[PDB]
Every structure is written in C-alpha cells, then in structure tokens.
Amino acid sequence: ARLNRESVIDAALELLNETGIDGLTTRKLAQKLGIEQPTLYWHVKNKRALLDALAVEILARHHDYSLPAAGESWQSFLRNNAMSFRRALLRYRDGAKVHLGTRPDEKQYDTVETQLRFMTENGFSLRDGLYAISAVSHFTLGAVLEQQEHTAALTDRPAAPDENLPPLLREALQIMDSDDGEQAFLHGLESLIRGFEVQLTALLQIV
C-alpha cells in the first residue's frame, strides 16, 4: 500500500467504520496497510495524532456548508450550517466522538474566523456571536452522540422491558426511535435560532 498522508487517512477512516473509535489501534492500522509497525510509526506517531487528523478530514471532505452564501441571513446560515455539521458527523461510526475535544485546526482558521466576522457584521457582539455558534455546535454534537452511542450499545445491553413501562414514557420511546432523531433535532434547532433572534432584537430593552 502507498503510505502518504492521503492514503493513511483513507485506510484509517475505513478502519473506523469496521471497528469504531475504541478498536482503532496503530497495530490494526499497520496490518490493514500490510506493513510492520515501525514502518507505520515513521508516518503516524500515535493514536491522538491520528484522531486529530481524522477530525479535520471528515469536516473537510463532507461538511460543505461551512460558509454563508451571498446575502444570506444569519438565521439561515446557522440552520444550514447545523444541518451540514450533523451530516458530516453521521457519515462515520463514532464520528461525533472523533470530533469531541478538538479545537479548530490551522487548516480551519480562515473558515472559522469568517463565521465570527459574519455574526458581528449582523449586529452580534463577538461574545453573543460566539455563544450562538457554540450553542448550535453543542446542541448538534449532543444529539448525534446520543444516537450514535445508543445504536452502538444496542449490541451489549439487554434491550428494554416494554411491559412495565409507564404509558407516556412508552410512547415517548416509540417516537424517538421513529427516525434518526432528525425531527427532534430540526425542531429543537428552530427553537434555538428564534431565541437568539429574540435576544438580538431586544437590544437594551428588558426581555
């Protein structure tokens, strides 16, 4: 196998789907690429470095609404950007967990700066613009993680009684398991955006 950056990442992503984040080891990556371990080490030093790179690559490859379009409202941008962020996390097993704890990479500086400038140009303080951005990110990460892990632990865990469930909770579970969690995510997303709009609009008024 070829051992440049692109090829290693490609093989690491494939491996992530097969084994998940817990079972993604340097050993298994060397076996996957048909090489001895000291050969891999030349290229990739440890698991952390691998994961940091994957976090950046997943967004680079699949997160395609990272910038506002010409004349787009801040409401719209946040919605579209949240939707894009969600898809990209979803495309790989444990994708959301690969993201967790990372900060913007050098490769992402210009992009993330532009998002901050863009909010402030629309009348947000840097601070409220940051909070808006952060709340969308967190809401989105949380939604995705609960479902990615729920579906993962579905193997080991018993399942669910269903018999001695109370009636609202029973119907609640049927509703969350209906779809991705997409509905609940899109509805919760709108609440979040409208609340930022009410905050911005009010200015110094008591609200």
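Residue indices: 1-based, along the sequence shown.
Enquirer: Do at least a third of the other entries of this protein fail to model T39?
Expert: In all of the other entries, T39 has coordinates.
Enquirer: Please determine whether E171 lacks coordinates in at least a third of the other PDB entries of this protein that model its flanking residues.
Expert: No, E171 is modelled in every one of the other compared entries that cover both of its flanks.
Enquirer: Which has higher Cα B-factors on average according to the PDB entry: 134-142 or 31-39?
Expert: For C-alpha atoms only, the mean B-factor is higher in 31-39.
Enquirer: Averaged over C-alpha atoms, is the B-factor higher for 44-52 or for 146-154 in this PDB entry?
Expert: It is 146-154.
Enquirer: Going by what the PDB entry lists, where does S191 fall on CA B-factor within its chain: lowest, middle or highest third?
Expert: It belongs to the lowest third of the chain when residues are ordered by C-alpha B-factor.
Enquirer: Among the modelled residues of its chain, does the C-alpha B-factor of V8 lie in the lowest, middle or highest third?
Expert: Lowest third of the chain for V8's C-alpha B-factor.
Enquirer: Going by the recorded CA B-factors, say which third of the chain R87 sits in, lowest, middle or highest.
Expert: Within its chain, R87 is a middle-third residue by C-alpha B-factor, going by the deposited values.
Enquirer: Among the modelled residues of its chain, does the C-alpha B-factor of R79 lie in the lowest, middle or highest third?
Expert: It belongs to the lowest third of the chain when residues are ordered by C-alpha B-factor.
Enquirer: Within this chain, which third does the Cα B-factor at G129 fall in: lowest, middle or highest?
Expert: Lowest third of the chain for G129's C-alpha B-factor.
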